[PDB]
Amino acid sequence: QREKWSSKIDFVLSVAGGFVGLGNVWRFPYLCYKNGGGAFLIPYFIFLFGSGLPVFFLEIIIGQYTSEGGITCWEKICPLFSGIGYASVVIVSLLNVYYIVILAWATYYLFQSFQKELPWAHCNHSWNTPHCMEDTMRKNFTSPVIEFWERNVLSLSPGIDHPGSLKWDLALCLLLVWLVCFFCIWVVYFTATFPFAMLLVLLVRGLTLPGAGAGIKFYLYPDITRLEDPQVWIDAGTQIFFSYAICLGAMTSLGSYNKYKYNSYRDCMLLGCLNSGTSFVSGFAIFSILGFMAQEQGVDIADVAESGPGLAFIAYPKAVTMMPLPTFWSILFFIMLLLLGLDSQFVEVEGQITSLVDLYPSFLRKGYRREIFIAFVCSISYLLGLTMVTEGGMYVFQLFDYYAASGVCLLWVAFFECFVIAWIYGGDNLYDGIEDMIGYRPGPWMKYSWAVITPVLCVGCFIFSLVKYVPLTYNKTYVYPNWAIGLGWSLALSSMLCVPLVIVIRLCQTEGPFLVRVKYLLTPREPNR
C-alpha cells in the first residue's frame, strides 16, 4: 500500500527541503571555522565526489527499488545486515533530540528582534559584563554580540558538570517549535524560494563589507599542514554525511514513495549539486562577515567568534546591524532560519515515523494509533532535549552534535551500507536493477565509489581518528571530564552497536548449522516488489 508521490515535483521539493537546512547555514561554517579556514574544503570535496553523492543516490535507489522504509529495505536487500536500518533509526532519533534545539535558539532570537533596538547591537545592558565594549570602539574586552549569545541566550555555566537550572524561556521556545512540528506532521514553494533570496541578500551584504577580502582568503586558501591532523578529515567527512541526511534512513524512506520507472539519477545529482552549492555560497557570506569583524575589532580572523555551535548566531546578527533598518532584516533572517530548520525537522521526523510504522505495520499505523505514536515520540524528544536548554546545556548540545548523528557513528554506518551493497549484494546486480528502473545503464562512478572509495575513506578516517585521538573541547578552551566523553562514546555506540546485535540475533533465531544459517541470512528475499 505504498502510496506513490502525486508528482515528481512533490518528491523533488520534499528531498530539497529535507536535506538543506541548518547543516548548510549553521553547521558547515562552524565546522569550517573550528578547523582550518581552507583546509576543511579539500576533505569536504573529496568526500562529496567520492562518498557523499554515491551514498545519497544509493539510499534513494534502495528505497525506490525495495519500495520500503529505512529498516525494512535491508530485509529485502540482506537479511543478516538488517541492523544497519535499526542503527539508522537510532541515529535519526538522536538527531531529532538536538537538531530542533537549534531552532529554539533561533526562535528566541526571533522574539528578541521585535524591539526598537537589537539587544546585541550595543553594550551596557543588564547582561553585559564591564569587559563588554562596542566593536567600533575596540581600537580583555568582549564583543556585545558574543556577550548576548553567551550570557543572555545561553547564560553559560562553567561546565557540563554544572547544569544550573532550566531556563524557562528557551524551554518555552523549544516547546513552541515542537508543537509546530507535531501539528505539521499530524506554501512549500515560498518556504523553498524565500531562504535562497535571503541567503543571496546576506551574501551581497557580506561581500560588500569592508575587510571581507581577508575573510574570503581565510576561507578559500587551505593550510596543508592542517590535513596532517585527522580531526579535519573526519569532521569534513561527517559534515558531508550529515548535510546529505544519509545514514539516517530518511532518504530511503523518501525514495520509497517514488515510482519504479523514475529517473532518480538526474534529480539526485542536481539536488546534490544544489545542496553543495548552497553550503559553499553560504560559507562565503559567513567568512566575509567574519573578515569584516576581524578588521573592525583589530583581532585575528581565527579569534573573532565562537568556534563552537554559535558562529551562525554571532556572525549573521553582527552583519544584520550593518543593513539599514536592522530589525526588519533580523526578523527576515531568523524567519529564514526557522523555515530551513522546520523543513529539515519535518522530513527527518516523518522518515523516522514511517520507518517505525513499517517495522510494526499492524499497530503503529492502524489509523488511530499513528497520531498517539507521533505525539509520544515528540514528547519523548522534547523531554530528552530539555537537558540542553539548561544553563550548562550548551556543552551537552556540543557532545550530542559531535558524537550523536555525526562522527564515527556515521562512518560506521556508511561503510556497512556500502560493503553490503558493493560486495555482498553485488554492484552489478544493483546496477541491473538501476538500469531497469531509470532506463539506462549508469556509469561506473557509483559502482567504483561503493566498492572501493567509500569503504576505504570510512575505514581510513576511523582508524586515523582512533590512532591520533584528540579529546573533544568546547570553544578550544573547555576540557570535558572523563564521564562526559564516556557519555558521548555511549551515544555513538547506541547506534554503532545495532549492526552486530542484530546479526547475533538473526544467527540465533535461524535454525540449522552455522553455514546454513549464514547462507540463508545473506540471501535477499525479494530484491523488488
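From 1 onward, residues are counted along the sequence shown. Take the two forms, find the largest set of C-alpha atoms that superpose within 1.5 Å, and that set is the rigid core.
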State which stretch is farther from the displayed form on average in 6 other deposited structures of this protein, 125-133 or 370-378, counting RMS CA distance after fitting on the rigid core. 370-378
Quick check: by Cα RMS after rigid core superposition, does 187-195 or 227-235 differ more from this form in 6 other deposited structures of this protein? 187-195
Pick one of none, 1 to 3, 4 to 9 or 10 or more for the number of deposited-sequence residues not modelled between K139 and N140. 10 or more
Can you count, per the entry, how many deposited residues between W186 and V187 come without coordinates? Answer none, 1 to 3, 4 to 9, or 10 or more. 4 to 9
